[PDB]
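Chemist: Got a structure for you, written out below as structure tokens; questions coming shortly.
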Amino acid sequence: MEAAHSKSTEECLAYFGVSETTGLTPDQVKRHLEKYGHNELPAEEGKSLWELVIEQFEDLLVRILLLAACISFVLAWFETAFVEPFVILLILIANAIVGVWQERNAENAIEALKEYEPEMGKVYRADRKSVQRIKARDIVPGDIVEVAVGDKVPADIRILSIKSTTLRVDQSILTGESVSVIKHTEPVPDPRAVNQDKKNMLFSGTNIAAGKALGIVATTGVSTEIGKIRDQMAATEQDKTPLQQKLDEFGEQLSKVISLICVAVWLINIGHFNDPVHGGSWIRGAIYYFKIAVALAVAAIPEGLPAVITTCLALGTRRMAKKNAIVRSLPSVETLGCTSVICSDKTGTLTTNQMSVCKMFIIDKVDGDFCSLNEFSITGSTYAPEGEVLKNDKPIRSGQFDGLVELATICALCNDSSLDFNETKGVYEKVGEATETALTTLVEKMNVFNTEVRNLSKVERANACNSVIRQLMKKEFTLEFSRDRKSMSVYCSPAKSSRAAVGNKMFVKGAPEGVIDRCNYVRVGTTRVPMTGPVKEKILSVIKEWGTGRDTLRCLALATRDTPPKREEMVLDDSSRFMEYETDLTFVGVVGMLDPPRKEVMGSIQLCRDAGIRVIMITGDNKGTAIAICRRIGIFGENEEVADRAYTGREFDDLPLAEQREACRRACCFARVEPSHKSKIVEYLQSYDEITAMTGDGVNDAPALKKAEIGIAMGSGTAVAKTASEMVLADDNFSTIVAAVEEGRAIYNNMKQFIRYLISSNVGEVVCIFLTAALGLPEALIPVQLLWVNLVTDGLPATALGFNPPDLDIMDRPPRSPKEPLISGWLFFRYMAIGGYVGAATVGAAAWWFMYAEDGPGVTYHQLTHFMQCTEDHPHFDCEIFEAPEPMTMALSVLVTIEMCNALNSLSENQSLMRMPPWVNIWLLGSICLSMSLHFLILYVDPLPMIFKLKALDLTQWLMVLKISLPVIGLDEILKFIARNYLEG
Amino acid sequence: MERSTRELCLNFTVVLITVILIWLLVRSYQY
Ligand SMILES: [K+]
Ligand SMILES: [Mg+2]
Ligand SMILES: [Mg+2]
Ligand SMILES: [Mg+2]
């Protein structure tokens with residue numbers, strides 16, 4: 001629909017043939033979805049596996065090696081050789097493909113996190129009377145959609161009717177208007193008008209700041225205002241994490257030093273260039289020792305270390321989502337394992353938000369100035385209308401008490417919520433606010449008129465007794481809740497009439513703070529008597545006792561205005577006269593309701609203790625109840641002293657600032673606070689360098705969620721509060737936060753053990769190739785042999801590391817320090833110490849066959865250093881058998897073997913093998929065998945060993961490879977040992 | 001997810017198919 005904003009409101013409905021009252025029928029939706037398509041942008045998806053391997057072969061080093069190989073073959077044509085350039089390519093192509101799959105799976109996984117929370121909108125369609133919450137991509141033009149405060153607007157929408165006094169919208173992401181703007185519903189005559197002047201439209205991707213409204217969808221998909229903009233570009237933020245840079249810089253540093261050592265190996269040979277390689281023509285001598293130099297370069301320059309950070313993320317964030325922690329900001333995953341304080345809200349995060357009225361009272365006798373109370377309890381704590389009203393633990397019929405009748409009448413009419421039976425889950429579920437639906441179930445359980453419900457079905461039984469009260473009193477309007485009075489009320493009139501605009505009542509429900517001052521009378525049965533001091537004090541005293549004990553009940557005060565003002569004399573635009581509309585009240589009773597602790601919170605808070613993480617409840621109960629709840633869930637002790645560890649927001653506002661900063665250091669419970677207080681707290685905690693995770697759900701939580709180190713939004717919450725956040729909890733659970741923090745720590749250790757493996761494996765490669773030249777030895781490894789080993793390790797054991805378990809005793813440690821360097825000075829030692837051993841061993845293996853080997857040439861302490869020409873016969877009276885495949889097949893062997901051993905070493909950062917055995921990761925064990933079966937493959941086949949220049953090894957030879965390799969596990973175990981105890985690691 | 005074990009198996013396949021081609025290139029150039 002074009003220029004909806006210029007068409008009037010009847011005209012938009014008319015254009016699509018849709019009713020405001022019902023919405024699109026199922027058919028209309030199909031037709032319009034056929035015609036306009038989904039509310040999406042087309043999936044771009046432009047990349048290919050073919051292209052990416054080619055794109056990998058565009059860096060210089062890889063081309064150079066291929067050039068060196070080509071040239072070497074052409075030159076020595078005069079008299080493999082040729083297979084070398086071909087197998088180099090193949091291995092490089094092999095390694096490339098593996099590296100591409102690696103990279104792309106990681107990208108897709110990260111991108112897939114968006115699937116855990118699809119954009120949703122609310123529509124009205126004809127097949128259900130209620131509002132429906134559908135995936136937004138299934139919203140079509142002509143849909144009647146609904147928006148309210150906190151929502152992210154699902155399509156371009158003409159506004160139909162403003163349910164508030166004001167609708168107020170944040171369209172900054174669109175128009176740049178940083179402040180919120182207001183909207184109306186009259187038409188904007190100019191068709192060519194500019195977005196900011198369409199004060200009657202709500203554009204897609206835009207937040208609502210205040211208000212509720214109903215509209216008709218005019219355009220979806222690319223046709224939207226933001227669609228036109230999003231279609232141009234991306235527009236991709238394009239990385240990278242702060243840790244990714246700190247480690248990137250270390251990559252640059254290291255990469256440099258490897259370049260220097262790679263040039264330096266060339267110059268060791270620069271005098272050897274004319275020795276027969278052969279017979280030492282300078283160009284052939286040059287290019288040979290230059291394949292080596294650049295081979296080591298390509299194979300050992302590390303590599304894509306940010307690739308490692310963007311893989312542990314992809315693994316870990318997947319895990320967190322499967323555990324209800326949906327990560328929005330990837331940077332925060334690093335700082336998550338640093339969390340040191342968690343402020344959490346109570347209702348529905350530490351508790352469960354399953355309300356249930358489970359005590360209640362009304363007035364009994366009233367003698368002079370004192371009163372008796374009639375006081376009952378109710379069983380059943382789900383929403384199911386199954387349970388009984390007891391008195392003195394004796395079941396009783398609630399209608400026998402006229403006071404109870406009126407208390408139930410109030411709970412049915414001051415209610416905007418309802419019960420619905422879920423025939424698929426087979427359970428009674430809520431519709432609307434939990435605290436209200438708890439009143440709904442109570443009226444069902446009470447059944448004050450004794451209507452015949454035993455024989456109805458679950459579905460019709462679900463609101464049976466409530467419907468009878470409505471059949472009795474017509475609710476005409478509602479005086480919506482306001483803070484100035486802490487109550488709400490409904491103006492009802494009697495069922496049957498013929499004008500007759502009289503007989504009426506107002507039923508008022510709210511907090512005792514608000515309601516009681518406004519009661520002049522007390523209802524005793526059906527009679528009424530003057531409210532007085534000791535009566536007031538008596539009611540209050542019981543509300544207190546219920547708050548501070550055992551089940552800690554939040555209480556509602558229910559009252560009635562027996563002679564309300566005339567319908568003609570009331571006005572609902574300004575909320576602030578309702579406290580005077582609700583005066584001259586008559587007290588009726590009190591409902592007290594339960595909101596049970598989460599089942600896993602108590603044990604969760606204990607885990608935060610073990611892991612040095614402070615937990616701070618921020619609730620809205622009065623202080624007394626709040627503290628009772630903290631004791632119940634283990635924040636406080638059964639008899640702990642806390643007159644300085646828990647604050648009312650008002651109490652907190654009278655401490656000088658000096659002492660507010662103080663309180664925040666010891667406080668674990670804040671009650672009845674303002675949204676301003678969330679930021680205030682974060683500020684103070686920040687001054688002690690504490691990493692704070694704050695929860696939130698409403699638009700007003702946005703500032704503190706932004707300001708916190710880690711903002712954590714409720715999934716049941718608002719779109720507005722989630723954008724502010726780094727994590728969304730799918731299940732609103734506190735325990736989810738702690739599992740998030742644990743995985744944070746787990747991922748970080750997995751990063752640390754990934755890179756320890758990459759660096760030490762690369763360092764050894766550099767060492768052996770260096771020693772073999774610096775000492776004047778024969779090449780322990782042909783360039784071809786290197787890339788092979790490097791292919792196998794990056795493909796099997798390296799990948800297999802991603803599937804490690806969380807390190808042990810990971811939360812019996814305190815929070816990591818922010819700014820604690822990623823690579824400790826000490827740690828770099830291990831990278832070198834282990835790495836050196838690899839290189840030392842691999843050449844120490846080639847050196848061994850050349851000396852102490854019984855089937856080898858006895859050269860004990862004799863110069864293998866001696867120049868490879870060696871036909872002179874000055875120390876040999878043989879002669880050039882130095883080009884044997886045997887020495888290399890120990891070098892290649894020890895290398896391949898150590899790489900596996902040093903992979904077992906990468907199971908934990910500090911933890912031993914006798915504590916985290918080789919079999920903690922089977923995939924690793926699997927991969928080692930898979931590797932080992934290839935090494936054994938290229939060894940024995942017979943065509944291939946000629947290309948790889950290798951000879952078989954008997955059980956006499958593979959033995960030594962144990963004695964040479966295995967102590968790398970010894971060595972690292974020693975290193976790890978010094979760590980665990982001395983290093984405090 | 002068992003997508004992890006598939007990832008490792010598919011890696012092992014490539015470096016096997018790679019080693020295969022060289023057995024195929026040896027005989028091919030030989031005759
Ligand atoms: K934040
Ligand atoms: Mg490399
Ligand atoms: Mg809350
Ligand atoms: Mg490698």
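Scheme for the structure tokens: letters A, B, ... for chains in order shown; per-chain residue numbers from 1; ligand numbers from 1 in order shown.
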Using only C-alpha atoms, determine which residues lie at most 8 Å from region 5-19 of chain B, disregarding the query and same-chain residues fewer than 4 positions distant; provide the list as a PyMOL selection string.
Modeler: (chain A and resi 90-91+94+98+791-792+795-796+799-800+923+927+930-931+934+938) or (chain B and resi 23)
Chemist: Which residues sit within 6 Å of ligand 2, counting only C-alpha atoms and all ligand atoms, listed as a ChimeraX atom specification?
Modeler: /A:298-301,303
Chemist: Store the residues of this selection in a file with N, CA, C and O atoms, as a PDB file, in the first residue's frame.
Modeler:
ATOM      1  N   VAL A 298      56.145 -20.555   5.646  1.00  0.00           N
ATOM      2  CA  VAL A 298      54.724 -20.808   5.423  1.00  0.00           C
ATOM      3  C   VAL A 298      54.141 -21.710   6.506  1.00  0.00           C
ATOM      4  O   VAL A 298      53.025 -21.490   6.985  1.00  0.00           O
ATOM      5  N   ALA A 299      54.912 -22.713   6.907  1.00  0.00           N
ATOM      6  CA  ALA A 299      54.417 -23.715   7.841  1.00  0.00           C
ATOM      7  C   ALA A 299      54.440 -23.271   9.301  1.00  0.00           C
ATOM      8  O   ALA A 299      53.710 -23.817  10.125  1.00  0.00           O
ATOM      9  N   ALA A 300      55.265 -22.284   9.632  1.00  0.00           N
ATOM     10  CA  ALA A 300      55.448 -21.926  11.042  1.00  0.00           C
ATOM     11  C   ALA A 300      55.023 -20.508  11.440  1.00  0.00           C
ATOM     12  O   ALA A 300      54.851 -20.232  12.624  1.00  0.00           O
ATOM     13  N   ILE A 301      54.867 -19.613  10.471  1.00  0.00           N
ATOM     14  CA  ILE A 301      54.309 -18.296  10.768  1.00  0.00           C
ATOM     15  C   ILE A 301      52.867 -18.472  11.227  1.00  0.00           C
ATOM     16  O   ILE A 301      52.016 -18.930  10.457  1.00  0.00           O
ATOM     17  N   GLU A 303      49.263 -17.261  12.100  1.00  0.00           N
ATOM     18  CA  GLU A 303      48.815 -18.357  11.233  1.00  0.00           C
ATOM     19  C   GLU A 303      47.417 -17.878  10.925  1.00  0.00           C
ATOM     20  O   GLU A 303      46.869 -18.058   9.830  1.00  0.00           O
TER      21      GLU A 303
END
Chemist: Select the residues contacting ligand 4 at a distance of at most 12 Å, based on only C-alpha atoms and all ligand atoms, then format the selection as a VMD selection string.
Modeler: chain A and resid 92 95 to 96 98 to 99 296 to 305 308 754 to 755 757 to 765 786 to 799 896 899
Chemist: Quick one: write out the picked residues with C-alpha atoms as a compact mmCIF listing (two decimals), in the first residue's frame?
Modeler:
# COMPACT_ATOMS: atom_id res chain seq x y z
CA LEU A 92 48.70 -26.71 0.45
CA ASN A 95 45.42 -27.63 4.24
CA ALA A 96 43.51 -24.77 2.61
CA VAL A 98 40.44 -27.80 5.93
CA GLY A 99 41.12 -24.21 6.96
CA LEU A 296 59.51 -23.20 7.37
CA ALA A 297 58.09 -19.73 6.84
CA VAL A 298 54.72 -20.81 5.42
CA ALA A 299 54.42 -23.72 7.84
CA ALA A 300 55.45 -21.93 11.04
CA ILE A 301 54.31 -18.30 10.77
CA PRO A 302 51.29 -18.35 13.12
CA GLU A 303 48.82 -18.36 11.23
CA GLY A 304 45.46 -17.13 12.18
CA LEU A 305 45.59 -16.83 15.93
CA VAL A 308 41.51 -19.44 17.36
CA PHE A 754 44.55 -23.81 22.00
CA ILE A 755 47.31 -21.26 21.54
CA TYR A 757 49.51 -25.86 21.37
CA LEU A 758 49.91 -23.67 18.28
CA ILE A 759 52.87 -21.71 19.55
CA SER A 760 54.86 -24.64 20.96
CA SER A 761 54.31 -26.73 17.83
CA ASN A 762 55.44 -23.83 15.62
CA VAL A 763 58.47 -23.05 17.80
CA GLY A 764 59.77 -26.63 17.54
CA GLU A 765 59.46 -26.48 13.76
CA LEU A 786 57.16 -30.36 6.91
CA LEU A 787 53.90 -29.28 5.29
CA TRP A 788 52.70 -32.88 5.70
CA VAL A 789 53.15 -32.96 9.46
CA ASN A 790 51.73 -29.46 9.61
CA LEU A 791 48.70 -30.65 7.59
CA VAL A 792 47.98 -33.65 9.83
CA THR A 793 48.28 -31.75 13.12
CA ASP A 794 46.08 -28.77 12.08
CA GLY A 795 43.52 -31.23 10.70
CA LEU A 796 43.17 -33.80 13.49
CA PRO A 797 44.73 -33.15 16.93
CA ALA A 798 44.40 -29.36 16.65
CA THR A 799 40.71 -29.58 15.75
CA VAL A 896 54.66 -36.48 14.56
CA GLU A 899 52.89 -33.44 18.42
Chemist: Which protein, DNA or RNA residues have an atom within 12 Å of ligand 1, counting only C-alpha atoms and all ligand atoms, as a ChimeraX atom specification?
Modeler: /A:328-329,331-332,335-336,679,682,691-696,701-713,721-727
Chemist: Selection from above, C-alpha atoms, as a tab-separated table (two decimals), in the first residue's frame, can you write it?
Modeler:
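Okay, this is what ended up in part.tsv:
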chain	number	residue	atom	x	y	z
A	328	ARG	CA	24.47	-10.79	21.88
A	329	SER	CA	27.91	-9.20	22.29
A	331	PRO	CA	33.37	-9.09	23.28
A	332	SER	CA	31.54	-9.76	26.56
A	335	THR	CA	34.97	-10.25	30.23
A	336	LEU	CA	32.27	-12.65	31.38
A	679	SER	CA	23.25	2.98	37.80
A	682	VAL	CA	27.15	0.14	39.27
A	691	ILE	CA	33.32	-6.35	37.13
A	692	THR	CA	29.53	-6.06	37.52
A	693	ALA	CA	26.76	-7.98	35.77
A	694	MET	CA	23.43	-6.23	36.14
A	695	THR	CA	20.03	-7.71	35.17
A	696	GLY	CA	17.10	-5.77	33.72
A	701	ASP	CA	16.68	-0.71	32.90
A	702	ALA	CA	18.32	0.41	29.67
A	703	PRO	CA	20.78	2.97	31.16
A	704	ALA	CA	22.12	0.70	33.93
A	705	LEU	CA	22.29	-2.25	31.50
A	706	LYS	CA	24.41	-0.14	29.17
A	707	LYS	CA	26.49	1.21	32.06
A	708	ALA	CA	27.12	-2.22	33.66
A	709	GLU	CA	30.13	-4.26	32.57
A	710	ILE	CA	27.71	-7.01	31.56
A	711	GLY	CA	24.06	-6.12	30.92
A	712	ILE	CA	21.80	-9.11	31.16
A	713	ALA	CA	18.28	-8.89	29.77
A	721	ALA	CA	16.14	-3.78	27.33
A	722	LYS	CA	17.78	-6.48	25.26
A	723	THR	CA	19.53	-4.14	22.82
A	724	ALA	CA	21.12	-2.57	25.90
A	725	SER	CA	22.49	-6.00	26.73
A	726	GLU	CA	25.32	-8.38	26.10
A	727	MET	CA	23.32	-11.47	27.13
Chemist: Residues within 8 Å of ligand 3 should be enumerated using only C-alpha atoms and all ligand atoms and returned as JSON, numbers by chain.
Modeler: {"A": [345, 346, 347, 348, 349, 619, 620, 696, 697]}
Chemist: I'd like the interatomic distance between CA of residue 857 (chain A) and CA of residue 968 (chain A), to a tenth of an Å.
Modeler: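 These two atoms are separated by 27.8 Å.
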Chemist: Might you pull out every residue within 12 Å of residue 29 (chain B), with only C-alpha atoms counted and same-chain residues fewer than 6 positions away left off, and present them as a VMD selection string?
Modeler: (chain A and resid 80 82 to 83 86 943) or (chain B and resid 21 to 23)
Chemist: In Å, rounded to a single decimal, give me how far CA of residue 410 (chain A) is from CA of residue 363 (chain A).
Modeler: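 Spanning CA of residue 363 (chain A) to CA of residue 410 (chain A) is a straight-line distance of 15.4 Å.
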Chemist: Among the residues of region 120-289 of chain A, find those DSSP assigns to alpha helix (DSSP H) from the backbone and print them as JSON, numbers by chain.
Modeler: {"A": [172, 173, 174, 175, 225, 226, 227, 228, 229, 230, 231, 242, 243, 244, 245, 246, 247, 248, 249, 250, 251, 252, 253, 254, 255, 256, 257, 258, 259, 260, 261, 262, 263, 264, 265, 266, 267, 268, 269, 282, 283, 284, 285, 286, 287, 288, 289]}
Chemist: Just write the chosen residues, N, CA and C atoms, as a short mmCIF file (atom, residue, chain, number, x, y, z; two decimals), in the first residue's frame.
Modeler:
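Full text of part-v2.cif as output:
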data_model
loop_
_atom_site.label_atom_id
_atom_site.label_comp_id
_atom_site.auth_asym_id
_atom_site.auth_seq_id
_atom_site.Cartn_x
_atom_site.Cartn_y
_atom_site.Cartn_z
N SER A 172 15.41 6.76 16.21
CA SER A 172 16.74 7.32 15.99
C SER A 172 17.53 6.57 14.93
N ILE A 173 17.45 5.24 15.01
CA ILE A 173 18.12 4.33 14.08
C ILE A 173 17.66 4.62 12.65
N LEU A 174 16.50 5.25 12.54
CA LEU A 174 15.96 5.63 11.24
C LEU A 174 16.15 7.10 10.87
N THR A 175 15.60 8.02 11.66
CA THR A 175 15.55 9.43 11.28
C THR A 175 16.69 10.25 11.89
N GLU A 225 10.76 1.36 5.05
CA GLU A 225 11.73 2.46 5.13
C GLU A 225 13.13 2.00 5.46
N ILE A 226 13.23 1.05 6.38
CA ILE A 226 14.52 0.55 6.81
C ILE A 226 15.03 -0.53 5.83
N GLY A 227 14.09 -1.26 5.22
CA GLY A 227 14.40 -2.20 4.16
C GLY A 227 15.17 -1.57 3.00
N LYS A 228 14.67 -0.43 2.52
CA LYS A 228 15.35 0.33 1.48
C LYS A 228 16.79 0.69 1.90
N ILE A 229 16.97 0.99 3.17
CA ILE A 229 18.27 1.36 3.70
C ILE A 229 19.16 0.13 3.94
N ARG A 230 18.60 -0.92 4.53
CA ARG A 230 19.38 -2.13 4.82
C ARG A 230 19.80 -2.87 3.55
N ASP A 231 18.99 -2.77 2.50
CA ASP A 231 19.32 -3.35 1.20
C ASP A 231 20.62 -2.76 0.62
N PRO A 242 38.62 -7.24 21.79
CA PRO A 242 39.78 -6.55 22.35
C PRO A 242 40.93 -7.50 22.67
N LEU A 243 40.58 -8.72 23.07
CA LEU A 243 41.59 -9.73 23.34
C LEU A 243 42.21 -10.17 22.03
N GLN A 244 41.41 -10.12 20.97
CA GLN A 244 41.85 -10.56 19.65
C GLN A 244 42.98 -9.68 19.15
N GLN A 245 42.99 -8.43 19.61
CA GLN A 245 44.01 -7.47 19.21
C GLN A 245 45.27 -7.64 20.05
N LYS A 246 45.09 -7.82 21.36
CA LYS A 246 46.22 -7.98 22.27
C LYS A 246 47.02 -9.21 21.87
N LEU A 247 46.32 -10.20 21.35
CA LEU A 247 46.94 -11.45 20.93
C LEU A 247 47.39 -11.34 19.48
N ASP A 248 46.73 -10.46 18.73
CA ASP A 248 47.12 -10.18 17.35
C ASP A 248 48.50 -9.53 17.33
N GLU A 249 48.68 -8.55 18.21
CA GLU A 249 49.95 -7.85 18.33
C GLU A 249 51.08 -8.83 18.65
N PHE A 250 50.79 -9.79 19.51
CA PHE A 250 51.76 -10.83 19.86
C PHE A 250 52.02 -11.74 18.67
N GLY A 251 51.04 -11.82 17.78
CA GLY A 251 51.20 -12.58 16.55
C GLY A 251 52.18 -11.89 15.64
N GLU A 252 52.01 -10.57 15.50
CA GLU A 252 52.91 -9.75 14.71
C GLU A 252 54.34 -9.88 15.21
N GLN A 253 54.54 -9.63 16.51
CA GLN A 253 55.85 -9.77 17.16
C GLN A 253 56.53 -11.08 16.80
N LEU A 254 55.87 -12.19 17.14
CA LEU A 254 56.38 -13.53 16.89
C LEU A 254 56.64 -13.77 15.41
N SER A 255 55.66 -13.44 14.58
CA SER A 255 55.79 -13.60 13.14
C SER A 255 57.05 -12.93 12.59
N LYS A 256 57.37 -11.76 13.12
CA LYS A 256 58.59 -11.05 12.77
C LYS A 256 59.84 -11.89 13.09
N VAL A 257 59.98 -12.30 14.34
CA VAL A 257 61.16 -13.03 14.79
C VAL A 257 61.34 -14.32 13.99
N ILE A 258 60.24 -14.89 13.50
CA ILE A 258 60.33 -16.11 12.71
C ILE A 258 60.83 -15.78 11.31
N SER A 259 60.46 -14.60 10.81
CA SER A 259 60.96 -14.13 9.53
C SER A 259 62.48 -13.94 9.58
N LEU A 260 62.96 -13.30 10.64
CA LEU A 260 64.39 -13.08 10.82
C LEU A 260 65.13 -14.41 10.85
N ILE A 261 64.62 -15.36 11.62
CA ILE A 261 65.26 -16.67 11.74
C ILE A 261 65.17 -17.46 10.43
N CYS A 262 64.16 -17.15 9.63
CA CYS A 262 63.99 -17.78 8.32
C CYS A 262 64.99 -17.26 7.29
N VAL A 263 65.32 -15.98 7.39
CA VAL A 263 66.34 -15.42 6.51
C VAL A 263 67.71 -15.89 6.98
N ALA A 264 67.87 -15.96 8.30
CA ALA A 264 69.14 -16.35 8.90
C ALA A 264 69.55 -17.78 8.58
N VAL A 265 68.59 -18.67 8.34
CA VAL A 265 68.93 -20.04 7.99
C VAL A 265 69.49 -20.09 6.56
N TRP A 266 69.10 -19.11 5.76
CA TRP A 266 69.54 -19.03 4.37
C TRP A 266 71.01 -18.64 4.31
N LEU A 267 71.39 -17.72 5.19
CA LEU A 267 72.76 -17.21 5.21
C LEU A 267 73.76 -18.18 5.83
N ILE A 268 73.29 -19.09 6.68
CA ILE A 268 74.16 -20.14 7.19
C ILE A 268 74.62 -20.99 6.03
N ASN A 269 73.75 -21.10 5.03
CA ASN A 269 74.07 -21.87 3.84
C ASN A 269 74.71 -21.01 2.76
N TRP A 282 75.52 -21.94 -8.56
CA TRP A 282 75.03 -21.02 -7.54
C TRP A 282 73.51 -20.86 -7.52
N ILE A 283 72.89 -20.88 -8.69
CA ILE A 283 71.44 -20.70 -8.77
C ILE A 283 70.69 -21.92 -8.22
N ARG A 284 71.20 -23.12 -8.47
CA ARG A 284 70.57 -24.33 -7.93
C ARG A 284 70.80 -24.45 -6.44
N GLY A 285 72.01 -24.11 -6.01
CA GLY A 285 72.34 -24.10 -4.60
C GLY A 285 71.49 -23.09 -3.85
N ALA A 286 71.17 -21.99 -4.51
CA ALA A 286 70.43 -20.92 -3.87
C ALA A 286 68.99 -21.30 -3.62
N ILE A 287 68.34 -21.79 -4.67
CA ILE A 287 66.91 -22.05 -4.64
C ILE A 287 66.55 -23.24 -3.76
N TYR A 288 67.47 -24.19 -3.65
CA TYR A 288 67.25 -25.32 -2.75
C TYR A 288 67.09 -24.83 -1.31
N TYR A 289 68.14 -24.19 -0.80
CA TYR A 289 68.12 -23.65 0.56
C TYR A 289 67.14 -22.50 0.73
#
Chemist: At a cut-off of 6 Å, using only C-alpha atoms, what residues contact region 944-954 of chain A? Leave out same-chain residues fewer than 2 positions from it and give the result as a ChimeraX atom specification.
Modeler: /A:885-886,889,938-939,942,956-957
Chemist: If you keep N, CA and C atoms, can you produce a file of those selected residues as a PDB file, in the first residue's frame?
Modeler:
ATOM      1  N   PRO A 885      67.214 -41.975   4.059  1.00  0.00           N
ATOM      2  CA  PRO A 885      65.849 -41.709   4.526  1.00  0.00           C
ATOM      3  C   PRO A 885      65.672 -42.056   6.004  1.00  0.00           C
ATOM      4  N   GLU A 886      66.580 -42.865   6.544  1.00  0.00           N
ATOM      5  CA  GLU A 886      66.512 -43.273   7.948  1.00  0.00           C
ATOM      6  C   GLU A 886      66.568 -42.129   8.988  1.00  0.00           C
ATOM      7  N   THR A 889      63.325 -40.152   8.953  1.00  0.00           N
ATOM      8  CA  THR A 889      62.186 -40.925   9.446  1.00  0.00           C
ATOM      9  C   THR A 889      62.249 -41.199  10.942  1.00  0.00           C
ATOM     10  N   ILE A 938      51.755 -43.487   4.767  1.00  0.00           N
ATOM     11  CA  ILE A 938      52.733 -42.925   3.840  1.00  0.00           C
ATOM     12  C   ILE A 938      54.095 -43.571   4.022  1.00  0.00           C
ATOM     13  N   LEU A 939      54.239 -44.339   5.097  1.00  0.00           N
ATOM     14  CA  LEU A 939      55.489 -45.027   5.390  1.00  0.00           C
ATOM     15  C   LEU A 939      55.663 -46.317   4.604  1.00  0.00           C
ATOM     16  N   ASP A 942      54.800 -47.802  -0.435  1.00  0.00           N
ATOM     17  CA  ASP A 942      55.877 -48.009  -1.441  1.00  0.00           C
ATOM     18  C   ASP A 942      55.942 -47.025  -2.631  1.00  0.00           C
ATOM     19  N   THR A 956      62.713 -51.826  16.557  1.00  0.00           N
ATOM     20  CA  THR A 956      63.943 -51.391  17.201  1.00  0.00           C
ATOM     21  C   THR A 956      64.010 -49.869  17.170  1.00  0.00           C
ATOM     22  N   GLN A 957      63.392 -49.289  16.146  1.00  0.00           N
ATOM     23  CA  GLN A 957      63.495 -47.859  15.880  1.00  0.00           C
ATOM     24  C   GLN A 957      62.353 -47.057  16.498  1.00  0.00           C
TER      25      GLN A 957
END
Chemist: Give me, as a list in words, all polymer residues having an atom no more than 10 Å from residue 536 (chain A), counting only C-alpha atoms and skipping those fewer than 3 positions away in the same chain.
Modeler: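 Surrounding residues, per the criterion: residues 369, 370, 371, 516, 517, 519, 522, 531, 532, 533, 539, 540, 541 and 587 of chain A.
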Chemist: Restricting it to N, CA and C atoms, dump the selection as a short mmCIF file (atom, residue, chain, number, x, y, z; two decimals), in the first residue's frame.
Modeler:
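Now in result_32.cif:
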data_model
loop_
_atom_site.label_atom_id
_atom_site.label_comp_id
_atom_site.auth_asym_id
_atom_site.auth_seq_id
_atom_site.Cartn_x
_atom_site.Cartn_y
_atom_site.Cartn_z
N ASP A 369 -13.17 -0.44 69.92
CA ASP A 369 -12.04 -0.07 69.06
C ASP A 369 -11.14 -1.23 68.63
N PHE A 370 -11.40 -2.43 69.14
CA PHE A 370 -10.59 -3.60 68.78
C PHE A 370 -11.37 -4.52 67.84
N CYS A 371 -10.66 -5.40 67.14
CA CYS A 371 -11.29 -6.26 66.16
C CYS A 371 -10.71 -7.68 66.18
N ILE A 516 -5.01 1.77 52.90
CA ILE A 516 -5.57 1.87 54.24
C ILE A 516 -5.86 3.30 54.72
N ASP A 517 -4.94 4.25 54.53
CA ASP A 517 -5.25 5.64 54.90
C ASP A 517 -6.57 6.11 54.29
N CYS A 519 -9.35 4.39 53.87
CA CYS A 519 -10.53 3.66 54.34
C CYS A 519 -11.16 4.29 55.58
N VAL A 522 -14.92 -0.20 57.88
CA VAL A 522 -14.48 -1.56 57.82
C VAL A 522 -15.73 -2.42 57.53
N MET A 531 -13.75 2.81 60.67
CA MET A 531 -12.35 2.43 60.84
C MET A 531 -11.80 3.26 62.00
N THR A 532 -10.87 2.68 62.76
CA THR A 532 -10.30 3.36 63.91
C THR A 532 -8.84 2.99 64.07
N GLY A 533 -8.17 3.66 65.00
CA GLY A 533 -6.77 3.44 65.24
C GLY A 533 -6.37 1.99 65.39
N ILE A 539 -4.80 -4.72 61.44
CA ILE A 539 -4.59 -5.10 60.06
C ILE A 539 -3.10 -4.99 59.71
N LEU A 540 -2.48 -3.85 59.99
CA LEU A 540 -1.09 -3.65 59.58
C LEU A 540 -0.16 -4.68 60.21
N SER A 541 -0.38 -4.95 61.49
CA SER A 541 0.45 -5.87 62.24
C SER A 541 0.47 -7.28 61.64
N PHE A 587 -12.92 -0.96 54.08
CA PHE A 587 -11.97 -2.06 54.07
C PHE A 587 -12.70 -3.39 53.96
#
Chemist: Name the residues in contact with residue 591 (chain A) at a cut-off of 12 Å, using only C-alpha atoms, excluding same-chain residues fewer than 2 positions from it; report them as a VMD selection string.
Modeler: chain A and resid 355 to 362 375 to 378 404 407 to 408 410 to 411 435 to 436 438 to 440 442 to 443 509 to 512 539 542 to 543 546 to 547 553 to 559 588 to 589 593 to 594
